[PDB]
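Given next, in structure tokens, is a single chain: the form deposited in one PDB entry.
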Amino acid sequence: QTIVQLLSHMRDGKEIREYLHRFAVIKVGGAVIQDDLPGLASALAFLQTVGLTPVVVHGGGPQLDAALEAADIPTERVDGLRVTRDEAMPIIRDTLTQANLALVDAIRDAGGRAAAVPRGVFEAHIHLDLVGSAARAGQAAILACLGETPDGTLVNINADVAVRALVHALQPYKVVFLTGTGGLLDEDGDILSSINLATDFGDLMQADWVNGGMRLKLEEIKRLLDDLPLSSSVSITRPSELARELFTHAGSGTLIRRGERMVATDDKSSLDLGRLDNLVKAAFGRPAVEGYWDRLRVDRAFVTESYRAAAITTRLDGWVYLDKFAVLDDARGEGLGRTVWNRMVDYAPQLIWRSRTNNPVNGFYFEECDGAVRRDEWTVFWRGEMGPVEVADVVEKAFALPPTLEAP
């Protein structure tokens, strides 16, 4: 399993290489245990080989409400969320217990290791003993949504509350809701890929199209993400997408983060220049030249709370010019580089910049530019529309700008 020095060659797995060299709570919408046991199983098995310890929470599918509403015991939603009855425990018990063991077997029959924990975790307060027991043997802990009081009586508990408590106690890296409808929908009703809570939670709540169902579905996901490190994330895909949505570039599911406060200012004195200076020296090979910060004339500075990512804009013959874009390695891990770049370009639809031709960020610049002139040491990029005449001239000035860092 020494699969870590083998991938220090490729593309995006270097960020899985700096967490594989440094786990995942899954809520399963029960409407999918009956559905695709084998595929949901293939997912959790794969999840382990890439060093995530699945801790799965499952309820009943419609298969349980229908077994109930056919025994003449309609549970209904109890005008709360769920789980109301007395005559129902035997059925709930056995419908959950069979489903639980079904999964433990499937995961194994898809290569992964597992552990049936039908009972003894949730109270009515978490006992993680059986969980850690499984984690300690590299086992997926499949947990049924069956709970008990202190004295031992069986009570049915709410998956949402069990998930919360479990996420609080474990501090998982990743939280995953597997649903049949894999992703939140935007305004058009398309698949809303990325939510940055603390840089778009305020808009989202006020937003008209955000019905009360998502309105508090998100207020909850926030409570989860708030109770975790910033490195954590809540994915929302579905079984047959899990792989692509956990670290890689595709994931046709939603990816909520907590994100951090963003500084956008035009006042150089409001910025910690030494923190920025360390950010640049750490992000690039070498440090800023002597007097660089002293001489700097800020147009806009975009700097995330933790000073691990920043874009400093200046003015070049009136054209917005990007003077500095610096992201620490383990903050590109949490999307900060992107949050900063995005906010910056929202500000500057027309933008000029340059990069040393052998800089590794160039692919990204090329991806992002609307035009580019290449030369032996330097490439100038732009976005926004403009005339051959204009750009020619501003591109000439950009190439003539004196270096802002020393060394190779």
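We number the residues from 1 along the sequence you see.
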*Which class fits the unmodelled deposited stretch between residue 22 and residue 23: none, 1 to 3, 4 to 9, or 10 or more?*
4 to 9
*asked:* With respect to the deposited sequence, is there a break between residue 124 and residue 125 in this entry, and if so is it 1 to 3, 4 to 9, or 10 or more residues, or none at all?
replied: 10 or more
*What stretch has the higher average Cα B-factor here, 35-43 or 352-360?*
35-43
*Taking the mean of the C-alpha B-factors per stretch from the entry, tell me the winner out of 134-142 and 104-112.*
104-112
*Report the option among 147, 335, 74, 118 whose CA atom has the maximum B-factor in the deposited record.*
74
*Selection by C-alpha B-factor (highest) of 295, 281, 82, 222*: 82
*Just say lowest, middle or highest third for the CA B-factor of residue 65 relative to the other modelled residues in its chain.*
highest
*asked:* Where does the C-alpha B-factor of residue 315 rank in its chain, lowest, middle or highest third?
replied: lowest
*CA B-factor ranking of residue 229, expressed as a third of its chain*: middle
*asked:* Split into thirds by Cα B-factor across the chain's modelled residues, where does residue 261 land: lowest, middle or highest?
replied: middle
_residue 183 - Cα temperature factor, lowest/middle/highest third of chain_ = highest
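Missing here is the form solved in complex with a small molecule; even so, the following discussion is about that form.
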*Which of these stretches, 48-56, 64-72, 358-366, 35-43, has heavy atoms within 4.5 Å of the small molecule in the deposited bound form?*
358-366
*State yes or no: in the deposited bound form, is some non-hydrogen atom of residue 404 no more than 4.5 angstroms from a non-hydrogen atom of the small molecule?*
yes
*4.5 angstroms heavy atom contact with the small molecule in the deposited bound form for residue 134*: no
_Exercise: residue 325 in contact with the small molecule in the deposited bound form, heavy atom 4.5 Å_ = yes
*Within a 4.5 Å heavy atom cut-off, is residue 284 in contact with the small molecule in the deposited bound form?*
yes
